[PDB]
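Enquirer: need a 3D model of the following:
(4 chains, ligands or ions: 6)
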Amino acid sequence: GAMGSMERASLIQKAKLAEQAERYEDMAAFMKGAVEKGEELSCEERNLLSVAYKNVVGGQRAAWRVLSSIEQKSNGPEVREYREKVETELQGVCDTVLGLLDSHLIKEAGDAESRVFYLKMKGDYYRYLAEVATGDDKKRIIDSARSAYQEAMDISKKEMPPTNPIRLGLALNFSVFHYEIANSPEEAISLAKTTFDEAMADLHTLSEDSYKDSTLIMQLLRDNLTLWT
Amino acid sequence: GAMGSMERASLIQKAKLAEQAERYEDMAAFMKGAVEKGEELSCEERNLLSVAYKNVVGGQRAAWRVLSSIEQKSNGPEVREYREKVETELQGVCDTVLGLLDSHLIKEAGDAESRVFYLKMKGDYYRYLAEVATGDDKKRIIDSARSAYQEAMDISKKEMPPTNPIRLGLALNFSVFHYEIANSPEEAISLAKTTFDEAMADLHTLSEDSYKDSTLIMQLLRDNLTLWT
Amino acid sequence: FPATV
Amino acid sequence: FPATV
Ligand SMILES: *CC(=O)NCC1CCN(C(=O)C2(Oc3ccccc3)CCCC2)CC1
Ligand SMILES: *CC(=O)NCC1CCN(C(=O)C2(Oc3ccccc3)CCCC2)CC1
Ligand SMILES: [Mg+2]
Ligand SMILES: [Mg+2]
Ligand SMILES: [Mg+2]
Ligand SMILES: [Mg+2]
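Expert: Numbers count the residues shown, from 1 in each chain, chains lettered A, B, ... in the order given. Ligands and ions are numbered 1, 2, ... in the order given. Next up is the structure itself:
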């Protein structure tokens, strides 16, 4: 690939620099490069991968929502055309991420944390595809997201404590999936509440730093619950 | 060019959509396309061109400053390499803008407003080149910026009222050039103060809408003067 | 627009 | 960082 000639450590270093410069497209390219070196990623490296693509796709989703809103309120072909271009670009980014997961992140992920993180990611990028899909494709995409999230949940509940930030993050996102995507607000609320409640009871085992990581995500669960109830 | 197949009106419409979606790279591409249709730009179209490239180059300058700061404080080659890539990209954008001005915006600009706007732009993109240049190249780039700004000022003082937002904007930017680039803070302060004072005296001739445009830029002159004195 | 991570 | 337009 385009980053194939750069040292693995240099790609990671440059991803960190790109993050500091808020150059998220660059950061994603560097992290794609790093994945494509063929070695398993560390916890820090998974964070960098996730931050990079989440920010790129975040920007695309924000742009798409703006354009769709203008398209809706406008009901020439320029708005629909431009919305479709952004849509295609977003689809391309999701396909790239799913590709990375397929080649070969998930298949080599043997530990709970790595496997859950990647399965969570699979769920997230199908969820983004679902936001812009229609018809039968949408139904299949939605079910694919649900399958990935559910497998992640199953592993997380068996192998990780309820304060694990990856477990918490997964539940947060899967809860949003239920509410916004699958139109299952009771499942969304139940998942968020139970996740919060189980984590609360395990907080006493955490160092100050881990306590901060876990309670941050718990706040986001509360924030969403506040919106939904 | 890449946008050569799209209708002129559609390019402009899509630039406006891109602005709403904060897709400034897209906006710049659409406006480049529009310029390359060969017709003179309107006041609104010049605004769209300027907003698009100012935002793209703004992001690059912000990123470059972050990276340079990290490079400075770090005194491997990754920081210098990445800073140089961003630098080259910024240089490429400035070259594109200067190219548009050369092919053929300035030469066809016969009215005061169009010619001053484009000469101001020439000054701005040499100023951005100057921020990242060194040695003899830097001195020549700086002098090129100064020449463009000075010709713009000469036309503006002869042909435009002192409340004209293009005249005001020019003076604001040329003042910043003097202070930050040419190390002439007395010239910077004098230009900003005199511009503010001459505009103040002409405000009584403006409609409410023009009053708002002019006083906005006058506030920016005051803001800079506050920093400098 | 709900929180995700 | 001073204002420009
Ligand atoms: C060991 C490992 O793989 N760690 C991954 C990191 C876990 C902490 N973390 C976070 O808490 C935040 O993002 C995030 C949480 C859960 C899943 C995915 C991402 C970082 C800022 C918000 C929470 C980063 C990833
Ligand atoms: C007739 C014509 O060419 N008009 C150009 C516009 C003049 C108003 N304007 C502005 O006031 C702002 O930007 C700007 C001012 C001066 C020079 C260049 C840009 C818009 C927001 C800040 C002032 C837009 C351009
Ligand atoms: Mg489509
Ligand atoms: Mg359930
Ligand atoms: Mg250089
Ligand atoms: Mg003078």
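Enquirer: so who does residue A:187 touch?
Expert: Shown in contact with residue A:187 (Cβ atoms under 8 Å, 6 or more residues apart in numbering or on different chains): residue A:178. (Each C-beta comes from the backbone N, C-alpha and C, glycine too.)
Enquirer: any part of stretch A:54-68 near ligand 1?
Expert: No - for stretch A:54-68, no contact with ligand 1 is found by Cβ under 6 Å from any ligand atom; the gap never falls below 8.0 Å.
Enquirer: go through that stretch and flag the buried ones.
Expert: A:54-57, A:59-61, A:63-68 (16 or more other Cβ atoms under 10 Å in any protein chain shown).
Enquirer: go on, stretch A:208-216?
Expert: Residues of stretch A:208-216 classed as buried: A:213, A:214, A:215 (neighbour count, 16+ other Cβ under 10 Å).
Enquirer: kindly report the same for stretch A:188-202.
Expert: By neighbour count on 16+ other Cβ under 10 Å, the buried set for stretch A:188-202 is A:188, A:189, A:191, A:192, A:195, A:196, A:198, A:199.
Enquirer: could you pick out which of these are near chain D?
Expert: Applying Cβ under 8 Å from any Cβ of the partner chain to these, one finds that nothing falls near chain D.
Enquirer: in helices, which of the residues you listed appear?
Expert: Among those, DSSP state H puts A:188, A:189, A:191, A:192, A:195, A:196, A:198, A:199 in helices.
Enquirer: same list (these) but as a markdown table, adding distance to chain C.
Expert: Putting these into a markdown table (distance: Cβ to the nearest Cβ, whole Å) gives the following:
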| residue | distance to chain C |
| --- | --- |
| A:188 | 9 |
| A:189 | 12 |
| A:191 | 13 |
| A:192 | 10 |
| A:195 | 13 |
| A:196 | 13 |
| A:198 | 18 |
| A:199 | 14 |
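Enquirer: what segments of chain A are helices?
Expert: Counting by DSSP H, chain A has these helices, from start to end: A:8-20, A:24-35, A:43-73, A:78-100, A:106-108, A:112-132, A:135-159, A:165-176, A:185-202, A:208-228.
Enquirer: deepest of those helices, which one?
Expert: When you average the neighbours per residue for each of the helices of chain A (mean count of other Cβ atoms under 10 Å in any protein chain shown), helix A:165-176 leads with a mean of 25.
Enquirer: so is that helix next to chain C?
Expert: Yes - residues of helix A:165-176 contacting chain C under Cβ under 8 Å from any Cβ: A:169, A:172, A:173, A:176.
Enquirer: I'd assumed residue B:14 was in contact with residue A:76.
Expert: No - with contact defined as Cβ atoms under 8 Å, residue A:76 does not reach residue B:14; the gap is 10.2 Å.
Enquirer: picking that back up, for the buried residues of stretch A:54-68, which one is nearest residue A:3?
Expert: When the buried residues of stretch A:54-68 are compared for distance to residue A:3 (Cβ to Cβ), residue A:56 comes out closest, at 15.4 Å.
Enquirer: test my guess that the closest one contacts residue A:28.
Expert: Yes - here residue A:56 reaches residue A:28: they are 5.2 Å apart, a contact under Cβ under 8 Å.
Enquirer: hey, what's in contact with both of these two?
Expert: In the contact map built from Cβ under 8 Å, 6+ apart, the residues linked to both residue A:56 and residue A:28 are residue A:93.
Enquirer: now do the contacts for the residue sitting furthest away from the middle of chain A.
Expert: Ranked by distance from the centre of chain A (Cα atoms, centre = their mean), the top residue is residue A:76, with 35.0 Å. Neighbour list for residue A:76: B:10, B:13 [criterion: Cβ under 8 Å, 6+ apart].
Enquirer: do that again at 6 Å, thanks
Expert: Residues counted as contacts of residue A:76 (Cβ atoms under 6 Å, 6 or more residues apart in numbering or on different chains): none.
Enquirer: now residue A:7
Expert: Counting by Cβ under 6 Å, 6+ apart, residue A:7 touches no other residue.
Enquirer: please report phi then psi for it.
Expert: phi -60, psi 140 (degrees, to the nearest 10).
Enquirer: ok, back up a step: okay, the buried residues of stretch A:54-68 in TSV with distance to residue A:122 next?
Expert: TSV is the format used below for these (distance: Cβ to Cβ, whole Å):
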residue	distance to residue A:122
A:54	14
A:55	18
A:56	17
A:57	14
A:59	21
A:60	18
A:61	17
A:63	23
A:64	21
A:65	23
A:66	27
A:67	26
A:68	25
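Enquirer: how far away is residue A:3 from residue A:63?
Expert: For residue A:3, the distance to residue A:63 equals 25 Å [Cβ to Cβ, to the nearest Å].
Enquirer: adding distance to residue C:3, write the helices of chain A out as CSV.
Expert: Below are the helices of chain A laid out as CSV (distance: least, Cβ to Cβ, whole Å):
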stretch, distance to residue C:3
helix A:8-20, 20
helix A:24-35, 19
helix A:43-73, 12
helix A:78-100, 20
helix A:106-108, 25
helix A:112-132, 13
helix A:135-159, 16
helix A:165-176, 7
helix A:185-202, 10
helix A:208-228, 4
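Enquirer: what's the closest of the ones you listed to residue B:34?
Expert: Using Cβ to Cβ, those put helix A:78-100 closest to residue B:34, at 12.9 Å.
Enquirer: close to ligand 1, is the closest one?
Expert: No - shown here: helix A:78-100 not in contact with ligand 1 (Cβ under 6 Å from any ligand atom), separated by at least 13.2 Å.
Enquirer: and that helix, what does it pack onto?
Expert: If contacts are counted by 3 or more Cβ pairs under 6 Å, 6 or more residues apart in numbering or on different chains; DSSP states H and E, helix A:78-100 sits against helix A:43-73, helix A:112-132, helix B:8-20.
Enquirer: any idea which of the ones you listed gets closest to residue B:95?
Expert: Proximity to residue B:95 (Cβ to Cβ) singles out helix B:8-20 among those, at 20.6 Å.
Enquirer: picking that back up, dump the buried residues of stretch A:188-202 into CSV; add distance to residue A:221 as well.
Expert: Below are the buried residues of stretch A:188-202 laid out as CSV (distance: Cβ to Cβ, whole Å):
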residue, distance to residue A:221
A:188, 11
A:189, 10
A:191, 9
A:192, 5
A:195, 6
A:196, 5
A:198, 11
A:199, 8
